[PDB]
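Undergrad: Take a look and give me a structure for this.
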Amino acid sequence: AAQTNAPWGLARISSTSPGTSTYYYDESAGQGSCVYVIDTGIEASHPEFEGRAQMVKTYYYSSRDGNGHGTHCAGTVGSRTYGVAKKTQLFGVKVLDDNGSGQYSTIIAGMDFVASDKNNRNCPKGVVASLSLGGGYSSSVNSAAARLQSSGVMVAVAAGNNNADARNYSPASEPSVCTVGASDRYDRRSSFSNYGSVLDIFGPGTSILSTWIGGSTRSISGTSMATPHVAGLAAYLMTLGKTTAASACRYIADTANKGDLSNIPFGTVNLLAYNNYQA
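TA: Residues are numbered from 1 along each chain as shown. Here you go, the structure:
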């Protein structure tokens, strides 16, 4: 399949070269997979989700996305125009309030919720969780993300936007999940992106166009924007049978575009998420 005039991030993940504008992907498009978006919620009524999104859990007085972050991330996972896996099912877990903050205990509860809730969903091609969130190092937050991974969910987490080593941020520093740094349209490390040995992969993170609340769209930047690219890619590759939840992060790294990014600090992976689709 070919989506012309796609967002640069989508075109990048299906290209060996920066600077193109068509997104190429197998028509399966993540059908039969599920992606949990653990964030401020999802505006599921957005036309861009075509009825494939739904809120499954909230820890606040509403499951609605009163912020936009979560809707934006969900759109990069699986919206018809802005999404990597355009036929995946999106499940929203609102661990962040409408100011975009959430107690660590609430985030942990959301992760354990997903580890169980997947047994309540039909995801014959596999399950993915996208964690576009972070804070200071926490052993407990890391362990919760590790449990989620262990339970058979492909966990992708943002590296963080401190332009620092991600070893000091959670769940970014949990070694068993897929820690995602951010790159820009000129294949440079995003100015803000964390780095370090705990990074597994980079994905498009700067000036990412996706769904917003109020049925709108906007471009925003962050490792929170790169993470759903990788989460969507995982869902897409699982549906193709190329990999599984336990090996998807490794598979994405193995098949990534290698050595193509600039301003990558010594010791950090120079790997850019790539779907290797041969149209």
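Undergrad: what's in contact with the strand or helix carrying residue 148?
TA: Assigned by DSSP states H and E, residue 148 belongs to helix 139-150. Helix 139-150 has contacts (Cβ atoms under 8 Å, 6 or more residues apart in numbering) with 104, 107-108, 111-112, 114-115, 129, 131, 135, 155, 157, 170-171, 173-174, 176-177, 245-246. Just so you know, the C-beta spots here come from the backbone N, C-alpha and C atoms, and that holds for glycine as well.
Undergrad: quick check: angle from the helix or strand just after it to helix 139-150?
TA: With elements assigned by DSSP H and E, the helix or strand that comes after helix 139-150 is strand 153-158. Orientation check (axes from the mean of the first three to the mean of the last three Cα atoms, to 10 degrees): strand 153-158 against helix 139-150 gives 140 degrees.
Undergrad: just checking, what packs against the helix or strand just after strand 153-158?
TA: Counting by DSSP H and E, the next helix or strand C-terminal to strand 153-158 is strand 169-170. In terms of contacts (3 or more Cβ pairs under 8 Å, 6 or more residues apart in numbering; DSSP states H and E), strand 169-170 is packed against strand 135-136, helix 139-150.
Undergrad: Strand 169-170 pairs with which strands, and in what direction?
TA: Each strand paired with strand 169-170, and its direction, by DSSP bridges: strand 135-136 (antiparallel).
Undergrad: This protein: helices as residue ranges?
TA: 8-13, 69-78, 104-117, 139-150, 223-239, 248-255 (DSSP state H).
Undergrad: And stretch 96-116, what's buried?
TA: 96-98, 102, 104, 106-111, 113-115 (16 or more other Cβ atoms under 10 Å).
Undergrad: For residue 162, list the residues it contacts.
TA: With Cβ under 8 Å, 6+ apart, residue 162 has these contacts: 169, 192, 194.
Undergrad: Output those residues as TSV; include the columns neighbour count and distance to residue 265.
TA: Below are the contacts of residue 162 laid out as TSV (neighbours: other Cβ atoms under 10 Å; distance: Cβ to Cβ, whole Å):
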residue	neighbour count	distance to residue 265
169	28	16
192	18	14
194	29	10
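Undergrad: Closest one of those residues to residue 163?
TA: Set against residue 163, the nearest of the contacts of residue 162 by Cβ to Cβ is residue 192 (5.4 Å).
Undergrad: quick one on the thing from earlier: biggest separation within the buried residues of stretch 96-116, which pair?
TA: 98 and 115 (25.3 Å).
Undergrad: and which of the contacts of residue 162 is nearest residue 221?
TA: residue 192 (7.3 Å).
Undergrad: how far away is that closest one from residue 176?
TA: According to Cβ to Cβ, to the nearest Å, residue 192 and residue 176 sit 25 Å apart.
Undergrad: Same question for residue 187.
TA: Distance from residue 187 to residue 176, by Cβ to Cβ: 28 Å.
Undergrad: now do residue 121
TA: For residue 121, the distance to residue 176 - Cβ to Cβ - is 23 Å.
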